[PDB]
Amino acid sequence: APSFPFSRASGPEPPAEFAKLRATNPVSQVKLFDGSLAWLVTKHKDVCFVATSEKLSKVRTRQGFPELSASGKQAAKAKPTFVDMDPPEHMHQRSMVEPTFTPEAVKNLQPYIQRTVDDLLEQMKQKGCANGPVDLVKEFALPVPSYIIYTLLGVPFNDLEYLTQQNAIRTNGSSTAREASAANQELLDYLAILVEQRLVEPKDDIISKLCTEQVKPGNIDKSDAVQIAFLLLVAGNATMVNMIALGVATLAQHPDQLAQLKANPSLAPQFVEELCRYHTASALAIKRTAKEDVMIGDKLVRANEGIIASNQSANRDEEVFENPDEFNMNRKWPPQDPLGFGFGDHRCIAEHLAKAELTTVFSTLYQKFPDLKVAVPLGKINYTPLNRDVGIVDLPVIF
């Protein structure tokens, strides 16, 4: 049983193991850091099965759950939020904050997403590059998703820059465990104060809605509200930052596509669709434990055994996506859903918001900076460690 997670074949590529497994052993056992075993599912149809089967559980207190790291096993001890719940608890809590993320709500949020992007671009422009290239991640990819979610949660404008920096420290590879936990506790402390404040004088934000609709009636307590707000903040932020950076690098990598996008920003939506399929920046979030025996392919997964369903592999499944390893914004899409945001009840709560942010970014970036260019050989791009999810640490650009 090979050790898992696997390492990316190279900076921008997925682990080489998946293609081989999809062809010769689509459902196989892998070995986790603690020596335990787990079933790895690599085919699109099977990943969808795991994501929706009622015989599988997301509860991390179940023996057999596939924790992939030492830290993961520790976090599994904290009280759970909806990300780690099964029905009926799952939707009972998730529906408390879903309103803000509906397709309709996100459509109404579009002008705000656009002004946020426009302002950040203007700041990056007036920040010039006269004395050298700028780091597109720090100056743009990081603040876009950060300012948006923080603002949606209820954070005041003046605190955005500092809070964006602290949240980044949580996941920065350079941060020490101490600095990471310190930033973590700090954000939690800050949200606690926001909840106390909003309980007294509610405003138009997620935290206020939680306080008024759930804390006051007694449906959840203050700490619960804090944890839910924290989940929404930390869940997909770092992924959003990486997707934006990955998007720019990909366009640099494929001049033809960039030319087409520049000529027709209306293609932004399809570019984003292909990006979320091609670069599956969140590939280790579909995990379960079997509540009872379940058959998947030619394998029997016994009760209490763990399962990891790779949506990254599913997104390269040649049986669903023709020429899966080719980035093609003009790709002819199959009836099957790409799985960059998961599948089933747990499907990313912010999928529509995420796509709206990316679409806004790629329909505006090259309009503002037609000559935007990565100011370093593409082969030198600073990617996240190969043993981690795909992403980019920093990206020097000129425009």
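The term rigid core refers to the most C-alpha atoms you can superpose between the two forms while keeping them within 1.5 Å. Position 1 is the first residue in the sequence shown; the rest follow in order.
Problem set entry | Higher C-alpha RMS shift from the shown form in 5 other deposited structures of this protein - 305-313 or 175-183, rigid core fit | With the rigid core fitted, 175-183 is the stretch that strays more in 5 other deposited structures of this protein.
For this session: Pick between 265-273 and 130-138: the one whose mean CA B-factor in the entry is higher.
Result: Comparing 265-273 with 130-138, the higher average CA B-factor belongs to 130-138.
Problem set entry | Greater mean Cα temperature factor according to the PDB record, 317-325 or 111-119 | The entry gives the higher C-alpha B-factor average to 317-325.
Problem set entry | Deposited CA B-factor, highest of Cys211, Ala309, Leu251, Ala303 | Answer for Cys211, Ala309, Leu251, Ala303: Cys211, with the highest C-alpha B-factor.
Exercise. From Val106, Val234, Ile193, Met295, which pick has the Cα B-factor that tops the rest in the entry?
Worked result: By C-alpha B-factor in the record, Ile193 ranks first.
Exercise. Considering only modelled residues of the same chain, in which third does the CA B-factor of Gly64 rank: lowest, middle or highest?
Worked result: Middle third - that is where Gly64 ends up once the chain's C-alpha B-factors are sorted.
For this session: Would you please rank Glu89 by its C-alpha temperature factor against the other modelled residues of its chain and give the third it falls in: lowest, middle or highest?
Result: Top third by C-alpha B-factor.
For this session: Grab the CA temperature factor for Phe82 from the record and place it in the lowest, middle or highest third of its chain.
Result: Middle third - that is where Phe82 ends up once the chain's C-alpha B-factors are sorted.
Exercise. Based on the entry's values, in what third of the chain does the Cα temperature factor of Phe369 lie: lowest, middle or highest?
Worked result: Highest third of the chain for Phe369's C-alpha B-factor.
Exercise. Of the three thirds of its chain by CA temperature factor, lowest, middle or highest, which one includes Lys287?
Worked result: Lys287: CA B-factor falls in the lowest third of its chain.
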